[PDB]
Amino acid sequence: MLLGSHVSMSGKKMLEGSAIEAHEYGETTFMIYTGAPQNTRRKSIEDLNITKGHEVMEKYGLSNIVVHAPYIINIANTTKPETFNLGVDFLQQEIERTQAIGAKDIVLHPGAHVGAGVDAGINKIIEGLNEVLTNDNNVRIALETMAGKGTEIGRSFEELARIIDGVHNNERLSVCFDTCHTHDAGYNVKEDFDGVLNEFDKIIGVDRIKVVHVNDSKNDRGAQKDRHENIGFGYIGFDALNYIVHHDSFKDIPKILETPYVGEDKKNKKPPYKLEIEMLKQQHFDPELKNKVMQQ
């Protein structure tokens, strides 16, 4: 079972710390940002501490790890050229970092059209990806399914297919399927997950899903709000998320929790991943999970 979470990529230990943390939570894979998720500031490849990170991954049975690009990348931005240019430059550097880390995919939010409209934004993403994937290398960009909050592009499989169709080196594209995002966009992942996969197979191809993000939602189907919830405590629920986690279509695809920390206040937030993974491995919902996460 290839199941883990977002983990830290910080401090002196960098990737070694990621691997230690993933093992702490009983993971077999994990996802990192290559630095702060909120910016493009990054340490040198040497300071990512990759050789030691790989040694700890080998010791603890961690494989198939994932990189996520910072959430501030917006290569759909048609009216702020410094933002577009920074996104292109950053992603070229991220591909080099990711090759060194040994992840197959960089998860990328396609972007936000910020009032220029979907057509202009998709054309801009295509332009940016054509700049980024010009260089040869096998790391893929995994376009994330998005909730459709604000001016996000990627709320439908059709929007993702338009980007894939426009990019020249489109073999270097994959998809990251996020259960919260697809639910919030309106896909019936709770009660018709196989129907959602069949729609995905028609439009894109399920073989292109190279990362799965496993998140419940604080909102009902179609709400377009993108507020993650702990596994089984939201509007998708345990049975549906457990079904997705164990689904044969995803057997050799890393599954990554991005669920919220639990705490009595923001100074006491604790990670839920260890207990969520235990629950998913047992295939039995634990109503006490939030109470127990706070007690860790």
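Position 1 is the first residue in the sequence shown; the rest follow in order.
Stretch with the greater mean C-alpha B-factor as recorded in the entry, comparing 210 to 218 against 96 to 104: It is 96 to 104.
According to the deposited model, is the average Cα temperature factor higher in 148 to 156 or in 126 to 134? Looking at the record's C-alpha B-factors, the answer is 126 to 134.
Highest Cα temperature factor in the entry, among the options 228, 255, 54, 68: which one is it? Across 228, 255, 54, 68, the entry lists the biggest C-alpha B-factor for 54.
Can you tell me which of 175, 120, 75, 91 has the maximum CA B-factor listed in the PDB entry? The listed residue with the largest C-alpha B-factor is 120.
Tell me, lowest, middle or highest third: where does the Cα B factor of residue 23 rank within its chain? Within its chain, residue 23 is a lowest-third residue by C-alpha B-factor, going by the deposited values.
Should residue 168 be placed in the lowest, middle or highest third of its chain by the C-alpha B factor in the entry? For residue 168, the deposited C-alpha B-factor lands in the highest third.
Sort the modelled residues of this chain by their C-alpha B factor and say whether residue 272 lands in the lowest, middle or highest third. Ranked within chain, residue 272 CA B lands in the lowest tercile.
Ranked C-alpha temperature factor of residue 292 among modelled chain residues, by third: Highest third, going by the recorded CA B-factors of the chain.
If you rank the chain by CA B-factor, which third does residue 3 end up in: lowest, middle or highest? For residue 3, whose C-alpha B-factor we compare with every modelled residue in the chain, the answer is the lowest third.
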